[PDB]
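Chemist: Sharing a structure with you now.
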Amino acid sequence: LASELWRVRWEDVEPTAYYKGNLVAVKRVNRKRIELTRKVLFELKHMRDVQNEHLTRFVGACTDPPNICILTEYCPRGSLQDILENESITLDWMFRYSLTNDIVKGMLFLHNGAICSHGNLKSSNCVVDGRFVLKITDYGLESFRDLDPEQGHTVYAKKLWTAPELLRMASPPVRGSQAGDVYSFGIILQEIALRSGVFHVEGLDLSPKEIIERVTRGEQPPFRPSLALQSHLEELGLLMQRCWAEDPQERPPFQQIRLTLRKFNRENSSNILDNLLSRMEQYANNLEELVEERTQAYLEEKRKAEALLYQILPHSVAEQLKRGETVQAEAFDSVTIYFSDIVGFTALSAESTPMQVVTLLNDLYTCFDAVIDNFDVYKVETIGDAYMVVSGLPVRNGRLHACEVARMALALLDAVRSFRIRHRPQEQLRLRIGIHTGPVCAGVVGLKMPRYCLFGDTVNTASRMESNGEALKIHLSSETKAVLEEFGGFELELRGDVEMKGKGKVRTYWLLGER
Amino acid sequence: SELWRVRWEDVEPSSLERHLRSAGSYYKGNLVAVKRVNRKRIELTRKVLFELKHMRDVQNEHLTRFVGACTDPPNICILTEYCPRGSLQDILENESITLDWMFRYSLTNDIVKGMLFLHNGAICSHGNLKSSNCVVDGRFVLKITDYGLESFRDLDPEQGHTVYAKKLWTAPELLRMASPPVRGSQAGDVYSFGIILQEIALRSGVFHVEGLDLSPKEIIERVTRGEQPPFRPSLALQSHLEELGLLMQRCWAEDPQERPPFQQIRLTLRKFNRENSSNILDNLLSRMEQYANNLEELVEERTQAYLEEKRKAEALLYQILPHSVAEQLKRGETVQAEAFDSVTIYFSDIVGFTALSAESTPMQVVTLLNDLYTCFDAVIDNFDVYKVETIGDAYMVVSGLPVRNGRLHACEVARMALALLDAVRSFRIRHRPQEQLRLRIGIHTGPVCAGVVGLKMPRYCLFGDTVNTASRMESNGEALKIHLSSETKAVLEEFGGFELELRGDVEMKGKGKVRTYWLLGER
Ligand SMILES: Nc1ncnc2c1ncn2[C@@H]1O[C@H](COP(=O)(O)OP(=O)(O)OP(=O)(O)O)[C@@H](O)[C@H]1O
Ligand SMILES: Nc1ncnc2c1ncn2[C@@H]1O[C@H](COP(=O)(O)OP(=O)(O)OP(=O)(O)O)[C@@H](O)[C@H]1O
C-alpha cells in the first residue's frame with residue numbers, strides 16, 4: 001500500500017510520446033480535486049494488479065498541476081473502430097471469430113475480476129497489438145470520468161452507445177453494470193457483423209438525438225438494431241438480439257455468451273498461437289495485394305500525364321522523345337507549305353456581339369479539323385483566322401509532299417462553300433488559299449511546353465504569295481507547279497507574271513481542280 | 001509401386017498462375033510446382049526406387065515436399081509444394097523490402113539448420129544449392145529447391161555459356177575438377193552456403209566485386225584458373241562484422257582440408273550470430289510482423305507519390321489559358337465572352353532576324369530560339385501581364401485581360417517595356433559573341449474583346465481593331481527603341497513619372513498621320 005510504485009509524479013518522463021523509455025499513450029483528465037482517497041487507492045491498486053493475455057496493462061499516472069492524465073501501453077495498430085468499419089482493408093471470417101473470441105476472453109476476466117465491468121467498454125475504445133492480440137482500454141478505475149455533464153447532444157449519443165436498460169433518464173453508477181457490459185459486447189458484435197460505423201440498423205436514417213430519445217422513451221415493440229441475415233449462420237444474430245433484450249433476465253450471462261461463442265468457433269478447434277500466426281500472414285498477403293493494385297494505379301496515372309504532356313508534337317517526335325530518345329535539328333530538302341486566311345474578316349467581326357463572334361470562330365475549327373485530319377498534313381500554328389499546313393515535315397515522303405498539300409485545298413474550298421454562319425445565314429464566307437514548295441529547316445523548340453517551329457526562307461515567300469491572292473481561288477507558285485505537271489491529273493491555269501510583291505516579275509498559277 | 005507417380009491425366013491444370021514477383025515493379029491439396037524433364041522416357045531401376053524411398057521418408061519442417069512424379073513419357077513433372085512469397089534471392093532483389101539485421105541472422109541460422117539436416121541424411125549434399133533455390137514459406141519456413149530427385153538431373157552437355165552463367169554458384173574445387181559430382185560433396189555444399197551467406201550479408205548482387213565488374217563467364221574462368229590470391233569477393237565495409245568475416249574466410253577455403261565441419265560452423269554461428277537468440281518460435285511471428293510493418297510503410301509512401309503525380313497531371317491539363325480562367329473552368333463554371341473598355345497590347349519582334357538565321361546551322365538556329373525563350377520567360381513573370389501566343393520570333397502580350405484592373409493595365413505593360421529593353425542587351429549569341437540582338441517594341445491601348453475559344457485544346461483569343469492597330473503601329477518602329485501611341489500617351493502623362501519624348505506625324509496605312517512619341521525612361 002505504501003509502495004507508491006504506480007505514480008511517476010511527472011519527475012522523469014520523456015518529452016502520445018515516450019515515457020520512461022517505453023512509448024506509452026496517455027489520455028488527459030479534467031479534474032482538480034483529486035488529492036487522495038483510501039477507496040480510490042484500493043481501486044487503483046486493483047487496476048494495477050491485473051494482467052491477462054487479452055487484457056492491456058497500465059503504465060503510469062500523473063495527478064499534478066502540470067499534468068492530470070493516465071498513460072497505458074500504446075496500441076501500435078489502429079483502433080477496432082476503424083478496422084471494423086473496413087473498406088480500407090478486408091478481413092476473413094475466421095479473423096472475425098478470432099477477434100470476437102479474444103474480446104470475449106478479455107471480457108470474461110474483466111467482469112469476473114477485481115470489480116464489475118467498467119461499463120464504458122465502447123467498440124471505439126479497444127485496439128489490437130502488433131501481433132494482433134486484441135486489447136481494450138475499457139477501465140475507468142472510478143476516476144476516469146472527467147466531470148462534464150453539460151457537454152451536449154454529441155456526448156449524449158456517444159453515451160447512448162451504452163445499454164438501453166440502464167439509460168432510462170436516470171443517473172447510472174460510474175462503475176457500470178453487467179447488463180451494460182453485455183450490451184456493449186452485443187453492440188461490438190453487431191458492428192463487426194455489419195461493418196458500418198456504430199449502432200446502425202437497416203432503417204432509413206437516424207439522427208443521434210432522435211434515435212437516443214426514441215430508445216430512452218421506449219417503443220411498444222422492442223427497439224433493436226436488427227442486422228441483415230446471411231446464409232453462413234443466424235444463431236449469432238439471435239444471441240445478439242437476446243442480449244439486447246429490454247428484460248435483463250432475458251439477457252444471457254457472460255458464461256452463456258462464452259459457451260455460444262465456443263460453439264460457434266467449434267468448427268476451427270484451434271487453441272494454439274498458430275491461428276494468430278496464420279491470420280497475421282493472410283492479413284499481410286491482403287496488404288500486399290492492395291499495394292500491387294495501388295502501384296498499378298500510380299503507373300497508369302504517370303502514363304496519362306506523359307501522354308498529356310506532348311499533345312502539340314506531330315505524333316512522330318512525340319513517340320520518339322517519350323521512348324528515352326533524343327531529337328536533333330533537321331533540314332529537309334523539299335516541303336510544302338499551305339496558307340489559309342479569312343478574307344475581309346476584320347469587318348464581319350466588327351458588327352457582332354462578343355457572344356455572337358466567339359461561336360463562329362469556334363464553329364469553323366470543328367469544320368476544318370474534320371477535313372484537315374483525313375489527309376497526311378500537319379497544323380503547326382493557328383492564331384485566329386490564319387492557318388499553317390506543312391507536308392512531310394515529321395517523316396520525309398519524297399515527291400508525295402507536293403501532292404497531298406494540293407488536294408487538301410480543293411477538298412477544303414468546296415467544304416467551306418456550304419458552311420452556315422449563324423450570325424447571317426444568307427452570307428458566304430470568303431477564304432484565300434496559297435500553296436508553295438521549297439527547302440526548310442525544323443527542330444524541337446521549347447522546354448516548358450514543347451512547340452515545333454519551322455525556320456526557312458520559303459515561309460516568307462509563301463506568306464507574300466498568300467497575301468497577294470484573290471478570294472475563292474488557290475494560288476500556287478512555279479515550284480509547286482513543276483511537281484504538279486510532273487505528276488499530272490490536275491487542271492492548273494496560267495495567271496500572269498505581272499502581279500508580284502517583294503520581287504520582280506514572278507509567274508504564279510491558279511488551281512482549278514483535279515480530274 | 002512407390003505411390004509417388006502422379007498421373008498427367010488426373011489433374012494437369014490448376015491455379016494457372018499468379019505473379020511470384022508480387023512487389024514493386026496444384027493437385028487437390030494445394031498449389032504445386034510446375035516443372036518438367038527432357039529425358040522423354042522412364043527407366044526407373046533399383047537406384048530410382050531407392051531415391052523415391054528416400055524422398056518419401058524425408059519429412060522435415062524445412063525441406064520441401066513433392067507430391068509425386070509424372071506418368072506421361074512426353075511431358076514430365078515434379079509436383080513439389082510451392083512455398084509462397086518468392087525466393088531469398090527474390091526477397092533481397094527488391095531494395096524496397098528492407099532486411100532486418102536480427103531477422104536476416106535468423107534466416108541465415110534457419111538455412112544453416114536446414115543444411116545440417118540435409119547433410120546428416122543419406123543425401124550428402126544437394127549439389128544444386130543456390131541463393132535462387134531457397135524459397136521462404138507462408139510463415140517464412142525456408143526450404144532448399146531441387147534438393148532431391150536423384151533419379152533425374154540436368155546433366156546433359158548443353159549451353160556452355162548458359163552453364164558458365166547459371167552454374168556460377170559452384171565451388172572452385174568443383175569447377176577446376178573436370179568430372180562434376182551430381183551428388184556433390186559436403187565441402188562443395190559448404191562453399192555454396194558460404195557464398196549464399198556472403199550474398200545475404202551485403203545488399204549488392206552476386207560476388208559483389210565493386211571492381212572491374214567483368215562478365216560472369218570471365219570471372220568464373222579466372223576463378224577456375226586461379227592464382228596465389230584466389231579470385232574471391234570481400235565481405236563488407238562494416239566495422240562491426242569481424243566475426244562474420246572470420247567465419248566467411250574459412251568459408252572461402254580452397255581445399256577440402258580447410259573445409260570446416262559445417263555443423264561446427266553452425267555451432268560457431270549460434271555462438272556469434274545468435275546474440276542472446278530468442279524463443280523456439282516467437283522469432284518467426286515477430287519477424288513476419290516487422291516485414292508487414294515495412295510493407296505498410298512502403299505503400300503509404302507510394303500513395304503519397306501517387307497523389308503528387310495526380311496533382312502534377314491536373315496542373316499539366318490546363319496551362320495555356322489564364323490562371324484565373326483555368327481555375328474558373330476547373331471549378332465547374334462556364335466562362336462567357338466579355339468586352340473590356342480599355343486594354344494594353346504589346347508587340348515585340350527581332351529586327352533583321354530573317355538575315356541572321358539565314359546563314360546559320362540548323363543546330364545553331366535551334367539553340368538560338370530556345371535560349372531566347374528561356375531569356376524572356378524569366379523577365380515576363382516579374383510583372384502583371386499575360387502571354388496568349390508566341391509564334392516564332394514574335395511576341396504578343398496583353399495587359400488586364402483576365403481580371404479588370406482599371407487604370408493600372410496601362411501602367412504595367414509599359415514598366416515591362418523598360419526591363420525587357422535592358423535585359424536584351426546583355427544577351428549572348430552562341431555562334432557570334434560580338435553582336436547585340438536588336439529588338440522592336442510597340443505598345444497600344446484599345447477596347448479589345450476576348451474569349452476562351454477552342455475545343456479539346458482551348459486557347460484565349462482577343463478580337464477587335466486593337467490588334468490591327470497595334471500591328472500597324474509596331475510595323476513602323478525602330479530597333480532598340482520603344483514606340484508609344486496617343487491613347488497610351490494620354491494615360492502615361494496622366495499617371496506621371498515617365499519621361500516621354502515627341503516623335504512626329506509619320507503616316508500609317510490607316511487613318512493617316514497621327515501623333516506619336518517615344519518612351520525614354522521612368523523617373
Ligand atoms: N492501442 C491503444 N492503446 C491505448 N490507447 C489507445 C489505443 N488506440 C487508441 N487509443 C486512445 O484511446 C482513446 C480512445 O478514446 P477516448 O478514451 O479518449 O474516448 P472516450 O471519452 O472514452 O469515449 P468513447 O469510448 O465513447 O469513444 C484515444 O485517446 C486514442 O488515442
Ligand atoms: N517453390 C518455389 N519457390 C520459388 N521458385 C520456385 C519454386 N518452385 C519452382 N520455382 C522456380 O524456380 C525459379 C528459381 O530457381 P531456378 O531458376 O534455379 O529454377 P528451378 O526450377 O528451381 O531449378 P534449377 O536450379 O534446376 O533451374 C523461380 O523463378 C521459379 O520459376
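Labels for the C-alpha cells follow display order: chains A, B, ..., residues from 1 in each chain, ligands from 1.
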Per residue of chain B within 6 Å of chain A, which atom pair is closest and at what distance in Å (one decimal), using only C-alpha atoms, listed by chain and increasing number, as JSON lines?

Modeler:
```
{"residue": "B:292", "atom": "CA", "partner": "A:284", "partner_atom": "CA", "distance": 5.6}
{"residue": "B:299", "atom": "CA", "partner": "A:291", "partner_atom": "CA", "distance": 5.7}
{"residue": "B:306", "atom": "CA", "partner": "A:298", "partner_atom": "CA", "distance": 5.2}
{"residue": "B:313", "atom": "CA", "partner": "A:305", "partner_atom": "CA", "distance": 5.0}
{"residue": "B:337", "atom": "CA", "partner": "A:355", "partner_atom": "CA", "distance": 5.4}
{"residue": "B:362", "atom": "CA", "partner": "A:329", "partner_atom": "CA", "distance": 5.7}
{"residue": "B:363", "atom": "CA", "partner": "A:329", "partner_atom": "CA", "distance": 5.4}
{"residue": "B:370", "atom": "CA", "partner": "A:445", "partner_atom": "CA", "distance": 6.0}
```

Chemist: Name the residues in contact with residue 314 (chain A) at a cut-off of 7 Å, using only C-alpha atoms, excluding same-chain residues fewer than 2 positions from it; report them as a PDB file with N, CA and C atoms, in the first residue's frame.

Modeler:
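Generated output (selection07.pdb):
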```pdb
ATOM      1  N   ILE A 312       1.009  18.682 -78.588  1.00  0.00           N
ATOM      2  CA  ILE A 312       1.259  19.514 -79.763  1.00  0.00           C
ATOM      3  C   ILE A 312       2.244  18.887 -80.744  1.00  0.00           C
ATOM      4  N   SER A 316       5.028  12.041 -84.194  1.00  0.00           N
ATOM      5  CA  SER A 316       6.251  11.319 -84.515  1.00  0.00           C
ATOM      6  C   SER A 316       7.375  11.635 -83.543  1.00  0.00           C
ATOM      7  N   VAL A 317       7.687  12.920 -83.359  1.00  0.00           N
ATOM      8  CA  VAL A 317       8.625  13.313 -82.314  1.00  0.00           C
ATOM      9  C   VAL A 317       8.051  12.996 -80.941  1.00  0.00           C
ATOM     10  N   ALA A 318       6.722  13.003 -80.813  1.00  0.00           N
ATOM     11  CA  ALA A 318       6.096  12.668 -79.538  1.00  0.00           C
ATOM     12  C   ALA A 318       6.397  11.232 -79.135  1.00  0.00           C
ATOM     13  N   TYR A 378      -0.120  18.439 -91.451  1.00  0.00           N
ATOM     14  CA  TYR A 378       0.048  18.823 -90.058  1.00  0.00           C
ATOM     15  C   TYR A 378      -0.220  20.310 -89.887  1.00  0.00           C
ATOM     16  N   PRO A 394       7.437  15.736 -90.436  1.00  0.00           N
ATOM     17  CA  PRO A 394       7.878  14.706 -89.484  1.00  0.00           C
ATOM     18  C   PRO A 394       8.726  13.622 -90.130  1.00  0.00           C
TER      19      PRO A 394
END
```

Chemist: Do a neighbour search on residue 21 (chain A) at 12 Å with only C-alpha atoms, toss out local chain neighbours closer than 4 positions, and write the hits as a list in words.

Modeler: residues 12, 13, 14, 15, 17, 59 and 73 of chain A

Chemist: Grab the residues selected above and save them as a CSV table (one decimal), in the first residue's frame with N, CA and C atoms.

Modeler:
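What ended up in again04.csv:
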```
chain,number,residue,atom,x,y,z
A,12,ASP,N,10.3,12.1,-14.2
A,12,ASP,CA,11.1,11.6,-15.3
A,12,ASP,C,10.2,11.0,-16.3
A,13,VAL,N,9.8,11.8,-17.3
A,13,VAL,CA,9.0,11.3,-18.5
A,13,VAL,C,9.6,11.9,-19.7
A,14,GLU,N,9.8,11.0,-20.7
A,14,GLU,CA,10.4,11.5,-22.0
A,14,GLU,C,9.4,12.5,-22.7
A,15,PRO,N,9.9,13.6,-23.1
A,15,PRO,CA,9.0,14.6,-23.8
A,15,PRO,C,8.7,14.2,-25.2
A,17,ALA,N,3.8,10.6,-26.8
A,17,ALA,CA,5.3,10.4,-26.9
A,17,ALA,C,5.7,9.3,-26.0
A,59,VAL,N,0.4,1.7,-17.2
A,59,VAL,CA,1.8,2.1,-17.2
A,59,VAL,C,2.0,3.1,-16.1
A,73,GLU,N,0.0,1.2,-22.1
A,73,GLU,CA,0.7,0.7,-23.2
A,73,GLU,C,0.0,1.1,-24.5
```

Chemist: For residue 76 (chain B), find every residue with an atom within 8 Å (counting only C-alpha atoms), except residues of its own chain fewer than 3 positions away, and show them as a PyMOL selection string.

Modeler: chain B and resi 35-38+40+69-73

Chemist: Give as number ranges by chain the residues surrounding ligand 2 up to a distance of 9 Å, considering only C-alpha atoms and all ligand atoms.

Modeler: B: 20-21, 32-36, 64, 80-90, 128-137, 143-146, 153-154, 166-167

Chemist: Give me every alpha helix (DSSP H) residue in region 302-374 of chain A, going by DSSP on the backbone, as an MDAnalysis selection string.

Modeler: chainID A and resid 302:309 317:322 345:348 354:357 361:368

Chemist: Mind writing the picked residues with C-alpha atoms as a PDB file, in the first residue's frame?

Modeler:
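Output below, filename again04.pdb:
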```pdb
ATOM      1  CA  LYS A 302       2.056   8.619 -64.747  1.00  0.00           C
ATOM      2  CA  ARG A 303       1.359   7.265 -68.238  1.00  0.00           C
ATOM      3  CA  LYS A 304      -1.668   9.555 -68.549  1.00  0.00           C
ATOM      4  CA  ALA A 305       0.392  12.586 -67.514  1.00  0.00           C
ATOM      5  CA  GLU A 306       3.117  11.709 -70.025  1.00  0.00           C
ATOM      6  CA  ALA A 307       0.545  11.315 -72.810  1.00  0.00           C
ATOM      7  CA  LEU A 308      -0.938  14.704 -71.911  1.00  0.00           C
ATOM      8  CA  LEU A 309       2.469  16.428 -71.855  1.00  0.00           C
ATOM      9  CA  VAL A 317       8.625  13.313 -82.314  1.00  0.00           C
ATOM     10  CA  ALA A 318       6.096  12.668 -79.538  1.00  0.00           C
ATOM     11  CA  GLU A 319       6.583   8.901 -79.775  1.00  0.00           C
ATOM     12  CA  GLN A 320      10.369   9.318 -80.059  1.00  0.00           C
ATOM     13  CA  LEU A 321      11.078  11.707 -77.177  1.00  0.00           C
ATOM     14  CA  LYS A 322       8.771   9.641 -74.956  1.00  0.00           C
ATOM     15  CA  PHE A 345     -12.728  39.038 -91.577  1.00  0.00           C
ATOM     16  CA  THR A 346     -11.873  42.387 -89.949  1.00  0.00           C
ATOM     17  CA  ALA A 347     -15.325  43.714 -90.935  1.00  0.00           C
ATOM     18  CA  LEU A 348     -17.614  40.752 -90.208  1.00  0.00           C
ATOM     19  CA  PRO A 354     -18.693  39.002 -78.493  1.00  0.00           C
ATOM     20  CA  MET A 355     -21.071  36.135 -77.727  1.00  0.00           C
ATOM     21  CA  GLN A 356     -22.120  36.247 -81.396  1.00  0.00           C
ATOM     22  CA  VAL A 357     -18.483  36.378 -82.578  1.00  0.00           C
ATOM     23  CA  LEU A 361     -14.585  31.131 -84.925  1.00  0.00           C
ATOM     24  CA  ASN A 362     -15.246  28.033 -82.802  1.00  0.00           C
ATOM     25  CA  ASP A 363     -17.696  26.613 -85.363  1.00  0.00           C
ATOM     26  CA  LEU A 364     -15.089  26.833 -88.141  1.00  0.00           C
ATOM     27  CA  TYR A 365     -12.397  24.962 -86.201  1.00  0.00           C
ATOM     28  CA  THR A 366     -14.742  21.973 -85.890  1.00  0.00           C
ATOM     29  CA  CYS A 367     -15.485  22.155 -89.633  1.00  0.00           C
ATOM     30  CA  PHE A 368     -11.851  22.244 -90.800  1.00  0.00           C
TER      31      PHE A 368
END
```

Chemist: Find the spatial neighbours of region 449-451 of chain B, counting only C-alpha atoms, within a cut-off of 10 Å - ignore same-chain residues fewer than 3 positions away - and output them as a PyMOL selection string.

Modeler: (chain A and resi 353-355+357-359) or (chain B and resi 335-343+401-402+446+454+459-466)

Chemist: Would you write out those residues with N, CA, C and O atoms, as a short mmCIF file (atom, residue, chain, number, x, y, z; two decimals), in the first residue's frame?

Modeler:
```
data_model
loop_
_atom_site.label_atom_id
_atom_site.label_comp_id
_atom_site.auth_asym_id
_atom_site.auth_seq_id
_atom_site.Cartn_x
_atom_site.Cartn_y
_atom_site.Cartn_z
N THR A 353 -21.84 40.83 -81.68
CA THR A 353 -21.59 40.77 -80.25
C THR A 353 -20.46 39.79 -79.95
O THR A 353 -20.22 38.86 -80.73
N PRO A 354 -19.74 39.98 -78.85
CA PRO A 354 -18.69 39.00 -78.49
C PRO A 354 -19.23 37.60 -78.29
O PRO A 354 -18.53 36.63 -78.61
N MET A 355 -20.45 37.45 -77.79
CA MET A 355 -21.07 36.14 -77.73
C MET A 355 -21.49 35.66 -79.11
O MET A 355 -21.56 34.45 -79.35
N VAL A 357 -19.71 36.48 -81.80
CA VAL A 357 -18.48 36.38 -82.58
C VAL A 357 -17.53 35.32 -82.04
O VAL A 357 -16.51 35.04 -82.69
N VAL A 358 -17.82 34.73 -80.88
CA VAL A 358 -16.99 33.65 -80.35
C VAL A 358 -17.55 32.27 -80.68
O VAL A 358 -16.83 31.27 -80.55
N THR A 359 -18.81 32.19 -81.12
CA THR A 359 -19.40 30.93 -81.54
C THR A 359 -19.21 30.66 -83.02
O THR A 359 -19.57 29.57 -83.49
N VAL B 335 -17.03 29.88 -68.68
CA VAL B 335 -16.55 31.22 -68.96
C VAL B 335 -17.30 31.78 -70.16
O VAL B 335 -17.44 31.12 -71.19
N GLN B 336 -17.79 33.01 -70.02
CA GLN B 336 -18.56 33.67 -71.07
C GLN B 336 -17.71 34.74 -71.76
O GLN B 336 -16.71 35.21 -71.23
N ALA B 337 -18.14 35.10 -72.97
CA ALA B 337 -17.47 36.16 -73.71
C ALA B 337 -17.69 37.50 -73.02
O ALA B 337 -18.79 37.81 -72.56
N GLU B 338 -16.62 38.30 -72.94
CA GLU B 338 -16.68 39.58 -72.26
C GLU B 338 -16.01 40.65 -73.12
O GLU B 338 -15.08 40.36 -73.88
N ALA B 339 -16.49 41.88 -72.99
CA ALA B 339 -15.94 43.03 -73.67
C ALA B 339 -15.36 43.99 -72.64
O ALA B 339 -16.02 44.28 -71.63
N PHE B 340 -14.15 44.47 -72.89
CA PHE B 340 -13.43 45.32 -71.95
C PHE B 340 -13.26 46.71 -72.53
O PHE B 340 -13.07 46.89 -73.74
N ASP B 341 -13.32 47.71 -71.65
CA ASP B 341 -13.31 49.10 -72.09
C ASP B 341 -11.95 49.53 -72.62
O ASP B 341 -11.86 50.20 -73.65
N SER B 342 -10.87 49.15 -71.92
CA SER B 342 -9.54 49.59 -72.31
C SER B 342 -8.52 48.55 -71.86
O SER B 342 -8.46 48.21 -70.67
N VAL B 343 -7.73 48.05 -72.81
CA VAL B 343 -6.68 47.07 -72.53
C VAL B 343 -5.42 47.51 -73.27
O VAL B 343 -5.45 48.33 -74.19
N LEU B 401 -6.34 41.59 -69.36
CA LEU B 401 -7.39 40.78 -69.98
C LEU B 401 -8.12 39.86 -69.01
O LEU B 401 -9.36 39.87 -69.01
N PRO B 402 -7.44 39.05 -68.17
CA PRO B 402 -8.19 38.11 -67.32
C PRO B 402 -9.07 38.80 -66.29
O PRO B 402 -10.28 38.55 -66.23
N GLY B 446 -6.48 49.97 -76.37
CA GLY B 446 -7.71 49.89 -77.10
C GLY B 446 -8.76 48.99 -76.47
O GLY B 446 -8.45 48.15 -75.61
N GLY B 454 -11.84 27.35 -78.64
CA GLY B 454 -11.15 26.08 -78.83
C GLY B 454 -11.88 24.92 -78.18
O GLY B 454 -12.47 25.05 -77.09
N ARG B 459 -7.63 27.86 -76.13
CA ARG B 459 -6.72 28.99 -76.04
C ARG B 459 -7.53 30.28 -75.96
O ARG B 459 -8.68 30.34 -76.40
N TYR B 460 -6.91 31.31 -75.40
CA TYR B 460 -7.58 32.57 -75.12
C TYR B 460 -7.24 33.54 -76.25
O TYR B 460 -6.06 33.85 -76.47
N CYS B 461 -8.26 34.01 -76.96
CA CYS B 461 -8.08 34.80 -78.17
C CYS B 461 -8.77 36.15 -78.02
O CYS B 461 -9.91 36.23 -77.55
N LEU B 462 -8.08 37.21 -78.44
CA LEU B 462 -8.59 38.57 -78.40
C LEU B 462 -8.90 39.05 -79.81
O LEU B 462 -8.13 38.81 -80.74
N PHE B 463 -10.03 39.74 -79.95
CA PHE B 463 -10.53 40.22 -81.23
C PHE B 463 -10.86 41.70 -81.12
O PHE B 463 -11.14 42.21 -80.04
N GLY B 464 -10.83 42.37 -82.27
CA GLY B 464 -11.10 43.79 -82.35
C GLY B 464 -10.08 44.51 -83.19
O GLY B 464 -9.05 43.96 -83.60
N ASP B 465 -10.38 45.79 -83.45
CA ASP B 465 -9.47 46.63 -84.22
C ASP B 465 -8.19 46.96 -83.46
O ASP B 465 -7.24 47.47 -84.06
N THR B 466 -8.14 46.67 -82.15
CA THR B 466 -6.95 46.97 -81.37
C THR B 466 -5.75 46.18 -81.86
O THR B 466 -4.63 46.71 -81.92
#
```

Chemist: Please identify all polymer residues within 12 Å of residue 267 (chain A), counting only C-alpha atoms, omitting same-chain residues fewer than 6 positions from it, and present them as number ranges by chain.

Modeler: A: 93-94, 97, 261
